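# Structural overview for review
Take a look at the letters that make up each chain.
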Amino acid sequence: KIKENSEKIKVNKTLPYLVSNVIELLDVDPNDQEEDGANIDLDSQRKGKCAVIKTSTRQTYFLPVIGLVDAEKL
Amino acid sequence: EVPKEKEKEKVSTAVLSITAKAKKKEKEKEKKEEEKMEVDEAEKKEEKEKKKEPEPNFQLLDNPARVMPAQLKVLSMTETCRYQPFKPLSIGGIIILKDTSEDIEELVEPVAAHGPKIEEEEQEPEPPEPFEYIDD
Amino acid sequence: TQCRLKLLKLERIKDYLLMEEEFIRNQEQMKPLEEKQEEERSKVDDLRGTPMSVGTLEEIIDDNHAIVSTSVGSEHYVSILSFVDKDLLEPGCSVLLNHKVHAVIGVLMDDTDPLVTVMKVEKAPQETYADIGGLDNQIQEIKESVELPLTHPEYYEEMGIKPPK
Amino acid sequence: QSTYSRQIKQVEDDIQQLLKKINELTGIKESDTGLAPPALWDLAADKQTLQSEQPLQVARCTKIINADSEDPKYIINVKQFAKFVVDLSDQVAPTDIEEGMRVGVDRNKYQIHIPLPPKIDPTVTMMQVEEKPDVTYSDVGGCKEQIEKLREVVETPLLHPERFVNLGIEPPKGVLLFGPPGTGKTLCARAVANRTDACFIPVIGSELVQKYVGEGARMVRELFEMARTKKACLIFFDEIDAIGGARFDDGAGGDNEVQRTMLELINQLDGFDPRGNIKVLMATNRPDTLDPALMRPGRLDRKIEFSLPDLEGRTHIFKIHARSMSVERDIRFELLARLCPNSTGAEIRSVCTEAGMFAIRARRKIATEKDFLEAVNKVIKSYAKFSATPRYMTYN
Amino acid sequence: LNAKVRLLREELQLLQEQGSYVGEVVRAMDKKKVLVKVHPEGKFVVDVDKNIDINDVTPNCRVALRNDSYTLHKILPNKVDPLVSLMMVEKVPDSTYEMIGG
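As stated in the entry header, the method of structure determination is cryo-EM and the reported resolution is 11.8 Å.

Here you go:
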């Protein structure tokens, strides 16, 4: 089951792939960030640990970061 | 028309043109005292037949009729006159008395099977064919 | 006079004649250029596709490669591919490349810059020689350098001296 | 008349029909082949194509890492300014890889199929260079002792390294050509380079220096490095008068750009690495301008002055020039030499030239002694005022 | 009205496209590809569609492109040159004979 999900990761790990720099590391919890109100409740911030990464191609990309990559270096 | 039969004609056509043009163009004669011209180009083409029309016929609409007043006779069990429906005026012509079949039922003439009295007159024989029973 | 005229007619004919004879006759022949050669040209068009990325040939290198900077703001290392001759191309020309795999298909482009236009200012004088009054001789010494090797280079080369510039 | 009219119209008409053939066969777009050397060149390129070389985008190795994925890993930065982490192929052999050198990576899957050739970072410098042309000694003026002295320096060690090693002496690198113009410093440099038969790189002092500060550092650095790697190089730094000048700053732009090229040449030469397989020849009309670093040996081992010749030497420039010409040998070469002393190599060729000018006006194919006599007395009086030598010789 | 809706169903699938670009023709080639320079992206040699406009092959005409290979669409009837645009931006004061007059 880990291997099925990681296969998609493997293709992105293989060439071609870019280098970028980390603008901020948000690192918020997968557990409730706040109960959204309005028309339908639920949470919209169901994102886990996240990072806002800036590509060197002058665009900005949002990305959910994995937990396997050490948090400290980042 | 069958693809194979026509494919033979095209192939033949192409070989004569290319082979003859190949020698004709390369030869040198203009400069020479022979003067048949250094270049001579060689093209031959084919033609295909078009729709045939032997002696005029009158065409109105898409054609559920198509007639001419000048007549020819055609045999029975050999409609090669491939009729349009609703022509009563052409089948049997306007009623026959030139044939064995003499009308005693007048201008009834369906475009399908018309066989009136064959005993009134005789102008020609009438072989029976048991073929329809055989098929049956 | 007569020998010159016949020679010229022949020279013109020989380029034409030879080029042509081999081609059409090989189309009849069952193994040489025939179909292949006509196809090869068709094959350059299909491989290149549209669009085509434009480049300028800075230099050709004898290693089966050339340095052509592509119009995309990055440099490319092109290979002699898509049926092309390395030596045939002369430096500074703009060339057409197949984008899908970098190859110089051929040369036809220059894509004209305004710098050459500024330089070339053609002549059409106000007054000119033989409507100018006196000191006729003073002009004639100038001609020695400028005019005279253009009018007749022959005198200078035969004398064997450095051509006045 | 008729036959010719016919042939013209016909041949031309044939080119129109032929037009499909003109493009494939001769070239000029859509196949530029003749398929004796291209059949070979194309064939070898194809295997590359098929896997991951072409499209090969020029990039360069910024650093060698071992992080992320395989043990061999490199960070290459493409000439669109984005970095990529790439692999390394054995799929075809990498042959020219070095850190900081251009390398080639693919746009489909970014991995190094083949590195770009050594230090082709300036393509600009390389194109202009002639490679060892043949200049005859029937136009490299004079016999003279002046010609002979340079050769011992330049030609002998390259032609034979054998000798120098045997004795255990270090071989020549440096020569300084200095003296006023028109003494054929350029002229001789070319002749002896072909004679030796070693690679000739001439480079202009003005081209080293270009718009931005530190742009000039890129061209020089990479030119000296390129020179060292190839087998036997002579870099003939051509005519630096104010394009070589002594370090100062004015606070408007300064000597900064000029000294930049200069300093770059110093850093790689002495460096922490010494001069590689690079011989250097300097042409200056002003040693007065140069930096104290350049003037000391290790790139300037022997100073030789090729300047205005001697009295005997001027006669020899007449004799060498006459061989090129098809003028009389009944014209005394000596008479001309005495009539114009204190004349450079350029001036003696203008005498021959002038002699010819009088000659064309008269409408002669051959120059005369009359034209000649006249040409020297005009040269001694008039030409002296314009001449380059009083100011350049004071610096020399 | 029926005609308007009939037209309408077809348009939605037609409109689905990779976009468009605007360039100008520097020169055309004899073989019927045209060397045009797209103003924000690179220069391309690419063919014309002759179902719409044959004037797109004419040099020094600003041209529409419809992307699918950077194919030429039609020539735009509104053109500009930098020399006219220089006059326009300044809005130079223009004055009659009286002002200087006297």
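Interfaces are often sized by the accessible area lost when the parts come together. Between chain D and chain A, the residue contacts involve 14 residues of the former and eight residues of the latter. Looking at the side of chain D facing chain A, the largest losses of area belong to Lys83(D), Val85(D) and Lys109(D), adding up to 38% of the total buried there. On the surface where chain D and chain A come into contact, there are one salt bridge. The tally of links between chain D and chain A comes to three residue pairs in polar contact. With five residues, strand 3 (residues 83–88) of chain D is the single largest residue contributor to the side of chain D that touches chain A. Across the side of chain D that touches chain A, the residue classes break down as six nonpolar, three polar and five charged.

Here we come to the sheet that holds strand 8 (residues 233–238) of chain D. Residues and elements named next belong to chain D. A sheet is described by the order of its strands in space; here five strands give the open sequence 7-8-9-6-10, paired in parallel fashion. Single-partner strands in this sheet number two, and they are strand 7 (199–204) and strand 10 (302–305). Taking each pair of neighbouring strands and ignoring which way they run, the sheet shows an average axis angle of 20°. In the packing of helix 6 (residues 185–196) onto the sheet, the strands contacted are strand 6 (174–178), strand 7, strand 8 and strand 9 (278–284), and the crossing angle to strand 8 comes to about 170°. Lying on the sheet, helix 8 (residues 215–229) is in contact with strand 7, strand 8 and strand 9; it crosses strand 8 at an angle near 150°.

Attention shifts here to the pattern of salt bridges. All told, the structure shown has 40 salt bridges over all chains when counted by the stated rule. Residue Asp273(D) pairs with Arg228(D) through a salt bridge whose shortest N-O separation is 3.4 Å. Residue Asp273(D) is located in the loop between helix 9 (256–270) and strand 9, and its partner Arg228(D) is located in helix 8; the two are separated by 45 residues in the primary sequence. Its relative accessible area of 32% is what places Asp273(D) among the partly exposed residues. One network of salt bridges, with partners in common, ties together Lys21(B), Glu41(B) and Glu43(B).

A few words now on the arrangement of the chains. Comparison of the six pairs of chains in contact shows the highest number of contacts for chains C and D. Separated throughout, chain A and chain C approach each other most closely at a C-alpha pair spaced 13 Å apart. The two partners chain A and chain E share no contact, and the minimum distance between any of their C-alpha atoms is 16 Å.

Definitions and cut-offs
- The numbering scheme restarts from 1 for each chain and tracks the written sequence of that chain rather than necessarily the entry's numbering. Residues without coordinates are not displayed.
- Chain A is the first chain written and ligand 1 is the first ligand written, with later ones labelled in order.
- Any value you read here covers just the chains shown, which are one part of a larger assembly.
- Excluded from the side-chain calculations are hydrogens and water; all other atoms, namely the structure's heavy atoms, are used.
- Should any heavy atoms of two residues lie within 4.5 Å, those residues are considered in contact.
- What counts as buried area is the accessible surface, traced by a 1.4 Å probe, that two parts surrender upon association, with contributions from both included.
- Whenever a carboxyl oxygen of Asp or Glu lies within 4 Å of a side-chain nitrogen of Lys or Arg, that contact is scored as a salt bridge.
- Each polar contact in these results corresponds to two N or O atoms within 3.5 Å; when the atoms are within protein, one needs to be able to donate a hydrogen and the other to accept it, and residues that are neighboring in sequence are counted only if both atoms are side-chain atoms.
- Each helix is a run of DSSP H or I of at least 4 residues and each strand a run of E of at least 2, with the numbering of both proceeding from the N terminus.
- When residues are sorted by character, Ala, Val, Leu, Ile, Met, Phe, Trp, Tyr, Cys and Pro go into the nonpolar class, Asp, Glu, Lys and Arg into the charged class, and all the rest, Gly among them, into the polar class.
- Strand pairing requires that DSSP identify at least two bridges connecting the strands.
- An axis is simply a line fitted to the C-alpha atoms; with a helix, the fit covers only the stretch in contact. Between two such axes, the angle follows the N-to-C directions and lies from 0 to 180 degrees.
- Working definition: with a 1.4 Å probe on protein chains only, accessible area under 20% of the residue-type maximum means buried, over 50% means exposed, and in between means partly exposed.

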